[PDB]
Every structure is written in C-alpha cells, then in structure tokens.
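Taking it in order: structure first as structure tokens, then the write-up.
Order of the sequence lines sets the chain letters (A, B, ...), proteins ahead of strands, with each chain counted from 1. Every heavy atom of this structure was used, including side-chain atoms; hydrogens, water molecules and symmetry mates were not.
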Amino acid sequence: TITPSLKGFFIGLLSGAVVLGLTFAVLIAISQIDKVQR
Amino acid sequence: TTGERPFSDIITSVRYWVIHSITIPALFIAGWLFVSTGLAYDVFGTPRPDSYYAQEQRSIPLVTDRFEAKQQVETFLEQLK
Amino acid sequence: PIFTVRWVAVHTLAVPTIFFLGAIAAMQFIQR
Amino acid sequence: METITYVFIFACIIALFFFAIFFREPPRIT
Amino acid sequence: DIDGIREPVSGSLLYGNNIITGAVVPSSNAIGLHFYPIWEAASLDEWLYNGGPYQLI
Amino acid sequence: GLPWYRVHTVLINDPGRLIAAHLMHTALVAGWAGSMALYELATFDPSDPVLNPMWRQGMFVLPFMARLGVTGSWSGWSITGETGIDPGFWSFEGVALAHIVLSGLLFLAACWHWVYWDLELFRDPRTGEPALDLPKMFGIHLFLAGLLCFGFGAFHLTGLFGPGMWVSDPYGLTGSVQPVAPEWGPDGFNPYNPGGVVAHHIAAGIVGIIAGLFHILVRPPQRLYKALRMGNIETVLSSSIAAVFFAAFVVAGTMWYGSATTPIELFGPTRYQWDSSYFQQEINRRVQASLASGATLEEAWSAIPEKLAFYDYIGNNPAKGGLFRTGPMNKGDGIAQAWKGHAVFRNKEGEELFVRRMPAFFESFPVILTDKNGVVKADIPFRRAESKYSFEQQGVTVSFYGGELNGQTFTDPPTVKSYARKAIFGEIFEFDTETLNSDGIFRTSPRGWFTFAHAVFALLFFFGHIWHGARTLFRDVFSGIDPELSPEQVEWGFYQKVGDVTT
Amino acid sequence: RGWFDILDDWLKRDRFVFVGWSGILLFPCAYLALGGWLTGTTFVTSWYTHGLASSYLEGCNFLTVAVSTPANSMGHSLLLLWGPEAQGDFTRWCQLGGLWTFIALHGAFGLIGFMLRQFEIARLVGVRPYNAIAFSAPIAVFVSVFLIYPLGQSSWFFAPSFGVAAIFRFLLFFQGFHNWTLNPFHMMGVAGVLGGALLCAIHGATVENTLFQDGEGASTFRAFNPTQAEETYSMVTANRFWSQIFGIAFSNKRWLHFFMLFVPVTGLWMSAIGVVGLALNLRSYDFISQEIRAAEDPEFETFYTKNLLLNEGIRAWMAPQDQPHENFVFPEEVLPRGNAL
Amino acid sequence: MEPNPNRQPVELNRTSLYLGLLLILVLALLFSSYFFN
Amino acid sequence: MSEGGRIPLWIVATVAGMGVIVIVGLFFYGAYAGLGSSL
Amino acid sequence: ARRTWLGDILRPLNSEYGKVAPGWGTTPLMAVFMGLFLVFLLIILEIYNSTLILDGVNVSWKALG
Amino acid sequence: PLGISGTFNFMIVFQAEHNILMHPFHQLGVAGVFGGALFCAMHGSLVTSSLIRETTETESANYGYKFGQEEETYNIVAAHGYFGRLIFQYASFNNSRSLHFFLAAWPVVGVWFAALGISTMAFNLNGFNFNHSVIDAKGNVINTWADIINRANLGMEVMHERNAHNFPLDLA
Ligand code: CLA
Ligand code: CLA
Ligand code: CLA
Ligand code: CLA
Ligand code: CLA
Ligand SMILES: CCCCCCCCCCCCCCCC(=O)OC[C@H](COP(=O)(O)OC[C@@H](O)CO)OC(=O)CCCCCCCCCCCCCCC
Ligand SMILES: CC1=C(/C=C/C(C)=C/C=C/C(C)=C/C=C/C=C(C)/C=C/C=C(C)/C=C/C2=C(C)CCCC2(C)C)C(C)(C)CCC1
Ligand SMILES: CC1=C(/C=C/C(C)=C/C=C/C(C)=C/C=C/C=C(C)/C=C/C=C(C)/C=C/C2=C(C)CCCC2(C)C)C(C)(C)CCC1
Ligand SMILES: [Ca+2]
Ligand SMILES: [Ca+2]
Ligand SMILES: [Cl-]
Ligand SMILES: [Cl-]
Ligand SMILES: [Fe+2]
Ligand SMILES: [Mg+2]
C-alpha cells in the first residue's frame, strides 16, 4: 500500500502546502488591512 | 526618506535601551545555558569530548549504508557503552 | 501590536545572533 | 610546426599592438 | 639547472615545450643570491646552463 | 548601422524571412546528421560487437539510429553481429541518404521563402502590418506535436506499426530492438523501464492533443497577454529557450546515470557501474553458481562471457577521460582483442590475494594486495629500503582462469607485477595498440562526450533565457531610460508604491 | 480591487526593505541558507560523515568550522528531513549531513530569488536589467560547483563543504586530482577575475585623479552633487594620460562601463564551463606529447611534469583521510616521496 | 521584386576590429597547446 | 520615552565597540584554552 | 503583399492577432495545472533520486530482466 | 619562474612550505580580487543600466556618448535608487567620488596585503597552523579540515624537488 517513503512524501507535500498557504493568507490579510490610499 | 524612524533615533533613545538592556542579556544568557547545560549536544547529535570513540576503539563511525544510516548511527552510539 | 517589515528583518537576524554569541562565549570554557 | 605556430600567433599579437596604438582611430572632442 | 643538482629543466619552445609548459627558468641554486651577469660566466653556454637569463630579465 | 552581434534582428518583423532562416537552420542540422552518419559508416568496424562495439569506436549518431530500430547495413551486417540480414531501405545508409535529401529540400524551400517574404498570410487583415498570432500558433504547433508524440508511442515504440526500441538484460549482454508494451502502473515512472517510455509518449501525446485544441480555441487572458508580452515574438524565444535548457539538463542526467533510453550497449557503461562493482558482482555470482554446481575453477571462469568481463574494466568507465584526449576509446588503451582470463593472486603460503582497484578519481594508483579481510599482504614499493610487502618477499604468484591464459601460472616477479598493475583496472584484456597507434591513455565514451556537451549547452542556454527574457520585459528601455525620468520614481519618499506614479 | 492587485500594491511599496513578489522566495530561502550555515558551523559535527570535528561546539575556530557534505553512501540523496534516510529525526538528520543539502538547495532557490529581485526592482525603477544579467555569473558558478559537479561524481560528498578551510581543501583536491590549474577554462576564469580587479582599481584611481576642482576643500568628496549634469572628472585628460602611458585608452564612457560588466562576468562563466567538464573527470590533466617524450627520455623535464609529481604526492598523502569511505590503507613503502623528505 | 524594408546596414568600427582580433589571437595562443596536445 | 537623542551616540558607539572587543577577545582566549587549544 | 492558394487557405489561422479574453480568464485553471505539474515533476524526481520508494518500482538496471 | 606552469609550481610549493591559504594576508588578497571583480561587474552593470536614452534600437547605445561631452551620460540618481532598493538605502553610494575612491581602494589595499603575505612568508612567518588542534577527552586527535589541508600539503612537500634534499628538514 503506502510505503514509509510515500507517507513521508505526503508529509513533505503537506508541510510545503501549509507553509505557502499560511504565508499567502498572512500576506493577503496584511495587504487587506494596510491598503494603499489613492 | 523611507517612512520609518531613523535608527540613530532609536539606539540613542532611552526606551530602546530600557527594552534591550533586558532582552539582550536574556538572549545571551539563554544561549550560554543552551551550551553549559549540554542541551546543544543532544539537540544536534554532536559528540561530547568523551564520545568520539569507545575506550579502545580507534575507527571512525563512518556511515556506510544510505537507507539504514539512522539505525547505523544509533548502533554506533550504543557501542559507546 | 504593530510590527513593520524593517522591525522583523532586523530581529530575525539580531535575536539569533545574540543567542549564538552567548552560546559561543560559553563554549570558550569547555575543557576536554 | 608547433613552435612555428606559437611564435606566429605571438608575432601577430605584437603587430596588432603596433596598429592598435599608432593606427588607432583618433579620439576627437565634439 | 634550476635547483643546482645538475638536473636541467627545459623551459623553451624549441626544447620541447608548448605555451602552457614553457618558462624562462630561475637561476641555479648553486648561485643562490649571487649576482650572475653574463660577464661573470666563462661563456654564454655556461650562462645558459645556470639560468642567467632569468636574472637579467 | 547594426553592430555585428545584432545582424539577425532584421528578422523580427519579417515572418517570411524568419521562416526562411529557420528552414536554413533545419537544412544545416539535417545535413549534419546525414554527413555524420556517413562519416561514421565510413569509419565503423562491424566485425566485433563483443569487444569492439560502437561505443569503443567513438560513434555518436550510430547509437541513436540503433536505439529506435535501425540496426543494419545495406552491406549485409547488423550491429548485433548478425549476417545476411536485409534491413530494407532503412539501413544506416538509407537513414543518412534520407537526411541529405531532406537537407537539400529544406535549402530550396529556404530560398523560396526568402525571395517571397512578402506573403499576404503574414499581414494582419486590419492594420496591414506584419503580424503573427502567436497564441494560436502555439495551439496549432502543440496539437501537431501531440499527434506526432502519440503516434510515435502507439505505433513505432509498440511495434504496432514500426520497429520498437532497443532493450536489453540488466547486464547489457543480449540487447536488441523489440516492440514494447506501455506500462500503466507506477513502474511507468521507473527510468529503467522501457514500458514507461511507451506509456509516456501515449499519455503525454493525448494530453498534448487536448491542450493543443485548448490553445487553438481559447484566447489568452488579457492579464497574461500583457504580463508575458504575447504580442512580442521574443517572449516566445525566452520561454522556448527555458524549456530547451530544461530538456538539455534532463538528457545530460539520464545519459550519465543511465535509463531505458541510454542503453550500455549503445553508449557504453556508466561510471556508477564501476563505483559499485556491478559487473564484478554479477561475474562472481555466476562463478559461484558454477562452482556450487560442481564445476572446476577453470570451467566456472571460462563460462564467463567475454562481453561481461569487458564491462568490468575501468577503460570502459566513462569517467576516466580527458577534455583534450580526442577520438575513440580504441585510440587510448587499444582495440580490445580478447579477455586474458581472470587473474588469481596468491602468496607463498597459498592465500588468495586481491588487488585494490583504482577509483575513477585517480589518474594513477598504487599496487596493493590484501587478503579477504582487507589486511595488506603485498604491494609494489616506492622506496625499497624498508619494504616488507614486496612481491619478491611474499612470493606472489598469479594464476589465470578462463580467457587466453586459462590454466597458466606465473611466478617470476616482473610478470606477476605486470599483471597486478593491470589488475587495478579490473578484468585484464589483450589490446591491439598498433593499428591506430594507440597512446595508452584512457578516453571517455560517447556517454561521457554527450553528457559534457549537453550539460555545457544547457548552462549557456540559461544565459540565453535570462538575456532574451530581460529584452522582452524591458523592451521600452533597452535603448536607454526615459530622458525625463522624474526624480520621484527613482528617489525615496515621493511614492507609496514603487513605480506607481499615481501614489 | 481584487485581492491580487491589493497584494501587489502592498508587496511593491517603497518601504525601507523592498519585498516584492521576488521577496516571497528570496527572504525565506536566503534566511534559511544563512541560518543553516550559522547553526551548522556553531553546533554541528562531521564525525559520522567525514570523521571530522567542524563546529565551534567541538572546538573549531572561524577558519576551520564548516557545514560538511553528507557521507558518500548517501549518493545524491536530496536528504530531506522527512525522507527515507532521516525519517523525520532532526538530530540524525544533522548527523547524516542534511544541513548540507538544506543550505545548498535553499541557497540555490535564494539566488534565484535575488536575481528575480534585481529584475523586479529594475522594472519598478525604470532602468535596464543589466545588474540581473551580470548576476547570471555568480549563478553559473554556484550551480556548476555546488550542484552539477557533485552530480557528476559519486555523491554529494565531493561537493565543496561550506567552510573556509573546507573550501581550501576543495582547491587543493582540484589541483591534485583534476590538475585544475592547467585547464584553459580555469585560466580564462582567472583572467576575468584578476582583469576585473584591475579594471576596478584602475578605473577608480583614474576618476579620482582626473577630478575637476569643484570646491575649495582639500578633501574633494564634498565637491560632488548627485543631481549635477556635469561629469565630475575629465574624460579628455584621462584619455590623454592613458594614451600616453599605456598606448591606448577608453574614449567612450558607455563602452568603458559595459566592458567592466563584460570581463569578470565572462570569466566566471568560462570557469563554470571548466567545472562542468570536471564533473565527469573530463580534465585538462595532461599533454600527451609531453608524456610520450618523458616516458621515453629520463632526462626530459619541464614544469608540467614537476607539477604532476606534486599532484601524485597530493593524491597519495591526502586520499586515506580525505576519502574515508574508500578505507584506503597505503603502507609506508608505497607512498611516493623524494629523497630525505 | 519589391525591395525588403527590413534590411539594415552593418558596422564594425576599427576599435572593435582590434578588440576582436585581440580576442581571437589570444584565445588561439591559449588553446593551441591543447589542440596540439 | 522614544525620544531620539537622549543618549549621546559617541558614548553608545564607545560602549558597543568595547563590547565587541571584549567578546572577540574572549574567543581568542578560547583559542588557547580548552577545546581547540591542541593541549 | 502576395496572395497564394495556400495563403488563402491558411488565412483564418493567422487573423486574430492581439485578440484576448477579458480579465484573468482561465488563469485560475492554468494555475491549477501548473501546480499539478510541479507535483508530478517532484514525484518523478524523487523516484529517480530514491527519496520516494515504491513497491514494485526498482530504480535500477535490474528493473526488468 | 617566468612561465605559466612554472607559476603553478611556485604556488603549490609555496602552499606546501607556508600554508598560504591559511594566511590572513592572502585571504585579504582574495577578498581584494574577488571583491574587485564583483564591484567591477557591479559598477559596470549599474552605470550601463542607467544610460540616458540617446539612440535608436538599430544602433549601439555607445554612440549615445560623445568623447569630451560635458554632461554625464547616465542617470546616477536612477542607478543609486536601484542599488539602494536592492540592498537598503544606505549601503549605496550617491556620491560618485566616494564610490570611485572605494573602487580604487578595495582591490589596491587587498592586493597590498597579498604582496605583504608573500613578502612576510618570505621570512617564514606562515599561515595559521591548526594541525591536531582538536583533541578528545582521552587524547585522540579529532581531525578538522585544517588536518586534511595538512595531508595535501604533506603530499606536495614530500614530492617537490625530489632529488634536492639530503637531510630530513627543508629549512629553505
Ligand atoms: C502515466 C503516463 C506517463 C508515464 C508512465 C510517463 C513516464 C515518464 N515521463 Mg512523462 N508525462 C506524462 C505522462 C507519463 N509519463 C504526461 C501526461 C505529461 C504532461 C505533458 C508528461 C510530461 C513529462 C515531462 C516534462 C517529463 C516526463 C518524463 C517521463 C519519464 C520520467 C523518468 C525519468 O527519466 O525522469 C527524468 C526527469 C526528471 C526526474 C525531471 C527532473 C526535474 C528537474 C530537476 C526540474 C528542475 C530543472 C531545472 C532546469 C533546474 C536544473 C538545475 C540543475 C542543473 C541542478 C518517464 C518516461 C521526464 C523525462 O522525459 O525523462 C527523460 C520529464 O522530464 N513526462
Ligand atoms: C522527418 C522526419 C524525421 C525522422 C523519422 C527522423 C529520424 C531520425 N533522426 Mg532526423 N532530423 C529531422 C527529421 C527526421 N528525422 C529533421 C527535420 C532534422 C533537422 C532539425 C533532423 C536532424 C537530426 C539530427 C541532428 C539527428 C537526427 C537523428 C535521427 C535518428 C534518431 C532519432 C532520435 O533519436 O530523435 C530523438 C527525438 C527527440 C528526443 C524528440 C525531442 C522532443 C522534445 C522534448 C519536444 C519538446 C517540445 C514539445 C512541444 C513539448 C510538448 C509536447 C506535448 C506532447 C507535451 C532517426 C533515424 C539522429 C541520428 O541518428 O543521426 C544520424 C541525430 O543525431 N535527426
Ligand atoms: C553534441 C556535440 C557532439 C558530441 C558530444 C560528439 C561526440 C563525439 N564526436 Mg562528434 N562531431 C560533432 C558534434 C559532437 N560530437 C560536430 C558538430 C562535428 C562536425 C565538426 C563532429 C565531427 C566529428 C569527427 C570528424 C569525429 C567526431 C568524433 C566524436 C567522438 C570523439 C569526440 C572528441 O574527441 O571530442 C573532443 C572535444 C574537445 C577537444 C572539446 C572542444 C572544446 C572547444 C574547442 C572549446 C571552445 C571554447 C571557446 C573557443 C571559448 C570562447 C570564449 C569566449 C566566449 C570569451 C565523440 C563520440 C570522433 C570519432 O571518434 O568518430 C568516430 C571523430 O573523428 N565528431
Ligand atoms: C534558439 C536559440 C537562440 C536564437 C534563435 C537567438 C537569437 C538571437 N539572439 Mg540570442 N542567445 C542564445 C540563444 C538564441 N538566441 C543563447 C544560448 C545565448 C547565450 C550564449 C544567447 C545570448 C545572446 C546575446 C548576448 C545576444 C543575443 C542576441 C540575439 C539576437 C541577434 C543574434 C545575432 O545576430 O547574432 C549574430 C552572431 C554572429 C554574427 C556570430 C556568432 C558566432 C558565435 C559566437 C560562435 C559560432 C557558433 C556556431 C556558428 C554555431 C553553433 C550552434 C550550436 C553549437 C548551438 C537574435 C534574436 C543579441 C540581441 O539581443 O540583439 C538585439 C545579443 O546581444 N543572444
Ligand atoms: C517559499 C520559500 C521556500 C522554498 C522555495 C523552500 C524549498 C525547500 N525547502 Mg524549505 N522551508 C521554508 C521555506 C521554503 N522552502 C520555511 C518557511 C521553513 C520553516 C517552516 C522551511 C523549512 C524546511 C525544512 C525543515 C526542510 C525544507 C526543505 C526544502 C526543500 C524541499 C521542499 C519540498 O520537498 O516540499 C514539498 C512540498 C511542496 C513543494 C508543496 C507544493 C504544494 C502544491 C503546489 C499544491 C498543489 C495543489 C494542486 C495544484 C491543487 C489541485 C486540485 C486538484 C487535486 C483537485 C526545498 C528546496 C527540505 C530540505 O531542505 O531537505 C534537505 C527540508 O528538510 N524547508
Ligand atoms: C590611511 C590608510 C592607508 C591604507 C588605505 C588608504 C586609502 C587610500 C589607499 C588606496 C589608494 C588607491 C589609489 C589612489 C586613489 C585616490 O586617488 O584617492 C583619493 C582620495 C580622495 O583624495 P582627496 O585629495 O579628496 O583627499 C586626500 C587628501 O587630499 C586629504 O584631503 O583619497 C582618500 O580618500 C584618502 C582617505 C584616507 C583616509 C584613511 C583611510 C583609512 C583606510 C582604512 C583601511 C583599513 C583596512 C584594513 C583591512 C580590513
Ligand atoms: C541542394 C539539393 C540537394 C543536395 C543537398 C545536399 C548535398 C546537402 C548537403 C548538406 C550537408 C553536407 C550539410 C553539412 C552540414 C554540417 C554542419 C552544419 C556542421 C556544423 C558544425 C558545427 C556547428 C561544429 C562546431 C564545433 C566545432 C567546429 C569544434 C568542436 C565544437 C563544436 C561542436 C561547437 C539534393 C541533391 C539532396 C536534392 C535537392 C537539392
Ligand atoms: C537550519 C534550520 C532551520 C533554521 C534555523 C535558523 C534560521 C537559524 C538562524 C541562525 C542565526 C541567524 C544565527 C546568527 C549567528 C550570528 C553570529 C554567530 C555572529 C557572530 C559575529 C561575529 C563574531 C562578528 C565578527 C566580526 C565581524 C564579522 C567583522 C567586524 C569585526 C567582528 C570581529 C566583530 C529551521 C529551524 C528552519 C529548520 C531546521 C533547520
Ligand atoms: Ca578531562
Ligand atoms: Ca607508439
Ligand atoms: Cl618541484
Ligand atoms: Cl638538504
Ligand atoms: Fe565609473
Ligand atoms: Mg577553547
């Protein structure tokens, strides 16, 4: 079924996804608050 | 100007030194204790001076197996009594 | 609770640096 | 023939020094 | 004879060198720091054997 | 006037002449293939696929012809060493001739498109200006590529309508062109499974067709069209160069590590097969199987195929060459004639000794013999005065099993030493060094030369990518920055968002 | 309007530390490469991979600390923390050399990030992207030396390790095994680097010594104004001087500065090509004519054969400790040595 | 035949010729040892 | 009080620099004692 | 400019220069595909690297007999 | 020696006998020529990148500058702006005189120290020696990269001028 290396692959995949997702959620949030007035 | 307040205004400010006369010695002392209590050794797997060789052994514990390298290292550590 | 990009940039470097310097200081007194 | 080649190339380089210095396009102020 | 041990080293193109291996070879270790102009030699042949060109250059 | 490094930019708004120039480039490449093939056929010796295969002979396009099913000459031989084969028209000679003719025709078409550059087709119906609808061109060409990819997978590689591809056993002993079924399980992504090559071309072909239809039928988003400058053909040059250096790094990789598409009988073995003593291990396995089956040593070692033994020799390791050591491997160590047989070294007490092998890193290596446990038992000393392990002291002898020296034993130290010296290179062979005036210095194989050329070209093409991407995205300023570049855009404090003049 | 546009606005503000889209890649990867190196050199050993101490914690100094390559047995393993070798164990991960691929890869993506930053800021400020283009050379050098070169060899082990003395070892290894000094690509590299330094020096000095007197101070730095239209030094006087001293001189300022880009960038690129050759041991190691002659003729000697003897010394005396995985045992009697030494 | 409007004159000034020749001759002086080998 | 200027920058510089000297000096002492000393 | 038989036939294929879909169009979908592609490349890379190791997948010359 | 391979010979033997790679003056020399190269490319590319537009697409940008012209040929404010945003505002030189002085000073001082390196190693004050500097609790030597460097240096030492030494120490 799922080998340990495949499990690990999923763990890496998800770790990276969480990192990018958090980064962009934070960046988008900040940019929403801190709007460039024109 | 970039918008933020000049650094020379900050590092000459009393508030700054009130904050940092606490935070800097704290961080320093913390790293100090990270070493002096031996935690660093156990976090990074770094041999103490008495831990490079078993008493009569004289061969480096070189990792030779890629996929059970973890196990091999654990074995080498067990062989230190 | 207001941070800035400059504050963050400064501290992600400064905080570990002080910590590490304390560590290395301590290391100077280790004996074999 | 190797020696002749090395020396030939060198000689050409010296010649080039001569032309690049004494037969350069003159700089002119506008 | 760069190292003064009668073991002459070839530096020039005509004596088996290319651009990368060629060299004018330093004067002999038997000379040391002694001043060795052409006129200190008994002959040009001597002068050449001992690395006089290096000193002149 | 134009600087010399820009002369070809006159093609940028001339689609007809661009096509002419591309035609000429294609003619030149096709012609090079034809000529290269002819040169190789004029120099290739087909008489010994065992100890003188193509990869020993500095052959470069011959293996690519063989990989996809062209294995025979009109002259009657084949690279698998068969006789009286009829390859049909698609011999190596036929392929060559085909490429020459193709080249000629491309040259003519080039002339025609150069002269008749001003075709209605290249004009925009509205503005009458030269115009290439690049997104739709990308669709059309992608679709074509997909049909051809799919067709290559489903017909040629499968043998459904075509010859298949080169396959072999894990030790490169019995290679041949065979039809290959697609592999649709995870092993399709095993680089060493040919099935996966077939499945790849089928699936990626289908995907190519579908994405092609998409790129034909769906216009680019305004935002992407703007951002990537899709009106500017140089954007296509930038991204195409990127894709190509990606591809070049991939083929360098699979040439150096090996895959189903870089077989060792066409390109020679890998450096890694030597690092891990792959062939030596298989050889010892066969020998031990023979001994356990009741064979004698002479019989067990004589049962080892010369081809296998030849793989276990460092002169065939592609990581033993030199950048300016030119030509075929045969020009170095010689044209391999025969396996001499396996050398077994023994000391005066009858202990079998093993010569320490040369690693690829070393141009030269000492001669050191150990027992099975790796204890030093003999060597060739540099300084003699305090020598303990000399062959003369230790009474080292050498006996041969298999090959030309089978059953022979040598006891005189010079000869024993000579064979030991050879033993650091693995299995020992007799070479003809007079025919090519061989100089005795190892040269790399086409596996090496291919890897080199393509790694270097990939790396240079990275610069190409950077350069043309820059020229695309900075078109407005590449003759200099605006004469009146306001001191509020380049200075601080004036603007909130950089570049944005309206903040 | 639209989160994308809002976000773009924010990323591209003219703050003290420009972020940009490029910063999303640059800052974490750069920070992790640097932090990785400091962490490793301060706390981490190379006992299990090299048989070496390599951290302040073990007693190394600034010159001798390093983050070392993984063991040869790891091959070209990506050695990810969650991969098959470390299996998520941070400590074993350090012990197995994980920090080396950590730093090499976060470093590569960081370099990508930086060059992307150069493009983004060029585009936002309105200047031509030549700085980025020039940064292609550091890229070529890093990618060829730290990635391609070990990828061609047996494993990451033979990659350069990240430290001062370690790098020095890398130099000496390349001399002993590759005869790298003989390689015309390295030579072009050297010419680009030293020629670059030369141009830097000579240009700087020339401008500083053909300055117009634009103030009364004996310290001449104050007599310059950023928004001034006038050249601050005389190109005409500089040109006459160098024409009379050296025979030739720049006369075009634009050509001068482009050339200053061109020389070291081209040098580094050539050296990268040579190293790519070395990945495959495709060396400029010998001159075959030299060897044929020397083999036949025991009185024929040149600096080339002398240097080969030095190399042979290097390989024999350094290989057992430098390549521990080979388990080399070289008895005293086989070590090459000249008289007495 | 209508003349092609995309044509452009080409230039190489004398200084460029000297630089180019220098580049070629010095490259040759460098690589020739390796060509003879 | 975030007042910028309350502590004279020359005193700050002097103190900070002396600190740097002290810490580096400790490291150099460390080169002769304990680990790394060769003794 | 010159018309030809084949030029006439091909004309519609080179007639929509500059034509675009409004706004972001199918950029989201594209983003998805690019993501999937990145993941695919990561997979085959890790399989070739022996970082990802699968049952019945022997990344060796000893793959098939 | 006055030749290419001879220069390499000189370097290798120098390393054997003086460990020059571990000498801080040679290290400063390297910082000087690496740094010189870097700053060369940096200055070159920045000035190039802020040339004022004076030409068309079909001519060399260089014709945009005329020898002897009084006006500067590039936008130093633009160049400065770029470089300050690339790092931070204050690592950048807005003053061309200070900039050019730095361009002169960095490699000149670095190379001065390189010269002093060779000229002091002339009197055998050699690079740092950390051979067997790290010892474990028993007394076993724990090698560092310094010790590997030592092994290479030993190779060079024992092989150089193979017929010239009769006595165990190479005292010159
Ligand atoms: C299920 C059906 C199927 C099957 C069985 C295959 C099978 C395969 N695919 Mg295919 N593929 C398919 C469908 C399929 N494909 C579809 C539908 C698409 C979309 C069109 C593709 C698109 C695709 C691409 C783009 C590639 C493959 C490749 C392959 C081969 C992978 C093994 C290998 O040698 O990788 C070797 C290649 C890698 C491990 C990828 C390396 C990724 C690099 C590291 C990214 C970074 C590159 C960049 C330049 C940085 C380099 C820096 C460096 C110098 C340090 C294998 C034959 C690969 C191939 O052709 O190999 C010859 C490949 O590159 N396929
Ligand atoms: C007209 C049809 C045709 C046919 C049947 C052949 C057949 C052959 N050619 Mg010839 N050739 C042709 C046209 C043809 N050629 C043309 C037009 C040129 C000039 C450009 C050449 C120039 C040429 C050279 C220089 C060489 C050959 C060689 C060969 C032989 C080896 C083939 C090989 O390994 O390719 C391998 C093909 C590939 C690896 C294809 C790469 C595909 C890339 C990755 C596509 C990427 C872009 C694409 C859009 C990606 C998306 C697709 C989508 C599905 C996802 C084979 C006999 C070789 C030979 O043996 O010479 C004697 C050789 O060295 N040919
Ligand atoms: C993809 C490229 C490629 C590769 C990998 C091969 C591979 C091979 N060729 Mg083939 N060949 C090719 C293209 C290629 N060829 C082309 C284009 C031609 C027509 C010229 C040939 C014509 C040809 C002939 C006639 C022969 C070969 C032979 C061979 C074999 C030996 C190669 C050798 O000795 O290289 C040696 C490589 C070098 C010495 C390296 C050259 C490096 C250059 C000179 C560096 C230039 C640097 C540059 C000037 C610097 C600029 C600096 C500036 C930017 C500042 C090998 C299998 C030989 C063989 O054995 O056939 C049976 C053989 O006789 N080839
Ligand atoms: C698909 C590949 C490709 C194509 C079609 C182009 C096309 C172009 N390039 Mg680009 N470029 C590429 C890849 C490519 N490039 C790569 C890989 C690099 C890094 C090496 C570059 C680096 C580059 C620079 C720095 C410049 C260009 C420029 C140009 C434009 C003018 C070219 C010219 O007139 O040169 C004319 C060239 C000559 C008259 C002689 C060149 C002789 C070369 C150096 C050696 C001989 C090579 C040999 C003939 C062919 C071997 C081919 C094979 C090995 C690949 C043109 C659009 C120029 C531009 O932008 O103009 C506005 C420009 O300045 N290119
Ligand atoms: C953007 C910044 C960035 C980048 C480019 C990297 C890159 C890397 N990191 Mg680093 N790292 C970072 C930030 C970053 N990191 C941060 C902030 C931390 C602290 C949390 C770390 C801590 C860290 C550690 C401890 C390690 C790494 C490692 C790595 C390497 C392996 C990563 C991997 O395999 O991910 C795999 C996962 C992904 C790439 C996620 C992809 C998500 C995809 C795109 C989503 C797809 C969605 C799909 C399209 C939707 C379709 C819908 C459909 C199904 C219906 C790689 C070079 C490893 C390493 O260096 O080993 C030596 C390692 O051990 N990183
Ligand atoms: C004083 C220290 C001497 C070594 C450094 C000297 C700097 C100048 C040497 C480079 C000359 C390049 C060719 C001439 C280039 C040239 O023509 O320069 C000209 C430049 C400007 O000249 P001015 O005429 O405006 O000023 C010089 C005099 O006229 C006095 O006003 O000279 C200076 O700025 C001198 C500043 C020295 C002030 C002390 C410098 C301290 C440097 C510390 C370095 C320590 C490094 C330790 C290792 C990390
Ligand atoms: C017209 C015509 C014809 C004919 C054709 C022909 C005859 C063709 C030929 C063709 C050819 C016969 C071609 C060739 C080509 C070649 C080439 C194109 C080459 C190139 C090369 C190169 C590019 C190289 C480079 C290099 C060098 C030199 C050195 C080393 C490195 C390298 C590689 C870089 C026919 C009858 C069919 C029909 C139709 C009409
Ligand atoms: C790896 C890793 C990671 C990361 C980490 C980090 C990020 C860290 C950082 C770190 C850091 C960030 C550190 C720092 C340090 C610092 C130091 C240690 C410094 C020192 C200094 C000194 C010593 C100085 C010196 C000098 C100079 C340089 C010049 C002037 C003079 C003097 C002498 C003062 C994570 C978790 C993600 C995951 C796992 C892995
Ligand atoms: Ca004790
Ligand atoms: Ca002969
Ligand atoms: Cl010597
Ligand atoms: Cl003596
Ligand atoms: Fe300047
Ligand atoms: Mg200490």
Donor-acceptor pair, side chain of K/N75 and main chain of K/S50, under 3.5 angstrom: no
Atom pair CG (F/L18) and CD1 (F/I233), whose distance is rounded to the nearest 0.5 Å: 5.0 Å
Test item: F/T235 side-chain N/O and F/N232 main-chain N/O as donor-acceptor pair under 3.5 Å: no
Aromatic plane relationship, F/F463 with G/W269 - under 30° parallel, 30 to 60° tilted, over 60° perpendicular: perpendicular
Ring center gap for G/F221 and K/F101 short of 6.0 angstrom: yes
Least distance between heavy atoms, K/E59 atom then K/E54 atom: OE2-O, 4.5 Å
G/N225 side chain vs G/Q228 backbone, donor-acceptor pair below 3.5 Å: no
Backbone N/O of F/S486 and side chain of F/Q489: donor-acceptor pair under 3.5 Å: no
Pair G/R128 + F/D476, salt bridge at N-O below 4.0 Å: no
Aromatic ring pairing K/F102/K/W106, orientation class (parallel under 30°, perpendicular over 60°, tilted between): tilted
Verdict with reasoning, G/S243 to D/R24, per side-chain hydrogen bond (donor to acceptor under 3.5 Å, both in side chains): CA-CA 10 Å; G/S243 301; D/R24 65 171 183 182; 2.8 Å; yes
G/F224 ring center near K/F93 ring center (under 6.0 Å): no
K/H43 and G/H257 aromatic ring geometry - parallel, tilted or perpendicular at 30°/60° bounds: perpendicular
Would you give me the side-chain donor-acceptor pairs under 3.5 Å for residues 110-119 of chain K, sequence neighbours excluded?
from   : atom 1 : to     : atom 2 : distance (Å)
K/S119 : OG     : K/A115 : O      : 2.7

K/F39/K/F34 aromatic ring centres below 6.0 Å: no
Check: F/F461 ring centroid to F/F457 ring centroid under 6.0 Å: no
From K/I4 atom CD1 to H/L30 atom CG, the distance as rounded to the nearest 0.5 Å: 7.5 Å
Donor + acceptor pair across side chains of H/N13, H/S16 (<3.5 Å): yes
Close side-chain approach of G/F258 and K/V47, heavy atoms under 4.5 Å: no
Aromatic ring proximity G/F114/G/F135, centre distance under 6.0 Å: yes
